[PDB]
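In the form deposited in one PDB entry, a lone chain appears below as structure tokens.
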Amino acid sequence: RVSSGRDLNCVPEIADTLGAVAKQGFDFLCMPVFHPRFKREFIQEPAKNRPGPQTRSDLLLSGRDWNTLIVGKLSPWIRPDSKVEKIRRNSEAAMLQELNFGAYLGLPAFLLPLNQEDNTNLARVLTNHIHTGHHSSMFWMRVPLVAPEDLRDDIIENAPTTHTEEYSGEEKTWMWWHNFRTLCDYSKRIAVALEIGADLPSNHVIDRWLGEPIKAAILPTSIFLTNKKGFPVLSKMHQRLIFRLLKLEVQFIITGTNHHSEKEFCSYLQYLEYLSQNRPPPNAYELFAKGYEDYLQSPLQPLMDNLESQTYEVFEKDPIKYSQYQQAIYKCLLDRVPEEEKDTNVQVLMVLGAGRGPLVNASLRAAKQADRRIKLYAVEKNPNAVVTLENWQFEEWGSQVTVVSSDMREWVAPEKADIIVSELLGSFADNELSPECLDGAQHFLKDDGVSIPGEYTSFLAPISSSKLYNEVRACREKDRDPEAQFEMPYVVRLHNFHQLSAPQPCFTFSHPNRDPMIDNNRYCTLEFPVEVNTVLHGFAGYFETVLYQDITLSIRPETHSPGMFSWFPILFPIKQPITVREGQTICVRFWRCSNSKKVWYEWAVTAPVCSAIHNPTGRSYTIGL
């Protein structure tokens, strides 16, 4: 339900304290590994020769406890960015010592503050620790939503709080995070512990954090209200934020003393669990998409490759989607055959890429629904799926269905078709080469023939996600270009991200394509107005298709076909993140390029700054013809 921990800066006995916090229902304890007041000297005699021990023993807990139940904390006197040389030197040494002890102990995480703007030396020392043996432990950078300087009571007569609002100024703590993680080169081990205050900032300030790697939210006891029965509770705004953070599955940390004295800290925790169990429940899509959040997958190429049995099974597991197909064919039959010709008129329906036959079945249900007469061809280049088809036609369909084991571009049809039906669409619509396939088959469509689908359109939107930028970056492989990861699309349930602008149509295809000369190549220029400060990491892709007239499928959020989990979105990364200021326009360019051999996409951002052209000549990514 909820994973939560206790933050303490006082631990008289680690055994007693840990027992306490467990009894209260906490999954873990954030605590100092050295006494917070125990400042140490490393260079000057005589204090450097201070007799040890320097802290309490590793023998005081099991390895299992250290590994699972403890998050360490940097001592607060440690200031690597101090302007006093000696304090800098001592803080450099103490910071290494405390981090090395955490690694010694096998702690799963360690808390470090971003409590000011300049953490350059702090970053340099952390980077050094990280580059001293490959380890998995996380560093939680404790950053406030609202900097303490901007939180202070207006009680200084000769230093009044600037009540005049500053857009970028109110986002200063995001810039603290950004600079730190940029210096540390987006280490996957460095994440955010976002500290929440009584005074929530403006929405823009909260939105700054959308695509950032938040591992924890810190809730001070201070920010909690009191109900009639005197229970700790939160403002509706604080609650809306908690509901937001529960979607990112962060860990919650309670810090500070029990201000609700005639209660226990289970009160704070029970409130959280109360909110968690009382959260607005998630839709079936969100239940379908539950395991796949921000999971990078290769786009399927069902032309170039022969899909596996279980791949077709998942395709088939979308009854909404096939109802739409049935309805589109249903409608098209009634349009093509008047009730006077009902029994005399038999329409030639060809399924192009019939897989294991779900479109054949839908075609048959549609024909009985319409009470009209149909002859079915089922064309499928994948001979493994032809096994499934031919068993289906022998056992059930009978001679109404002629299974054809052929590429639809090569097949010489015995007759022309009234209707061609196809599900050749990927997450960017045309990314599996529906156009080239259907173009090849259109000679055997009647002059008045219908293609279902008649049309599809790709859409793009710029996104911010430092999480997904890092996951792409982590996809380097031996024996290929070290940046090829960035020059290919991924199918992904985009979860931890910020959409910077409304989706805009990219590429459109129409079937049949009556063009005297047909060119499936494309060049498109898009301008995304941006109303926030942010960092561009890539482009989310989606699609809409018109099956027939008003019957459509869409994964485009604004028009998403309800309850259709068949396609996650696609992602076009860029190699270097691009800063975008509120007011600025993001200009992206997409090309659809081709040979006889391959089709591919190239893309460049041209505003507010130019990127490199990604995937020149399909060098990193092609789609086989």
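By rigid core we mean the largest C-alpha set that fits within 1.5 Å across both forms. Numbering starts at 1 and follows the sequence shown.
The same protein also has a form deposited in another entry, omitted here; what follows describes it.
Check your understanding: In a superposition on the rigid core, which residue from 407, 439, 92, 171 has a CA displacement reaching 2 Å or more between this form and the one not shown?
Key -> Just 407.
Check your understanding: Is there a C-alpha shift of 2 Å or more at residue 427 between this form and the one not shown once the rigid core is superposed?
Key -> Comparing forms between this form and the one not shown, the residue 427 CA shifts at least 2 Å.
Review point. Closer or farther apart in the other entry, the C-alpha atoms of residue 471 and residue 429, for a change of 3 Å or more?
Key: Compared with this form, residue 471 and residue 429 lie farther apart in the other entry.
Exercise for review: Can you tell whether residue 381 sits closer to or farther from residue 426 in the other entry than it does here, judged by CA atoms, where the change is 3 Å or more?
Suggested key: They are closer; the C-alpha distance drops by 3 Å or more in the other entry.
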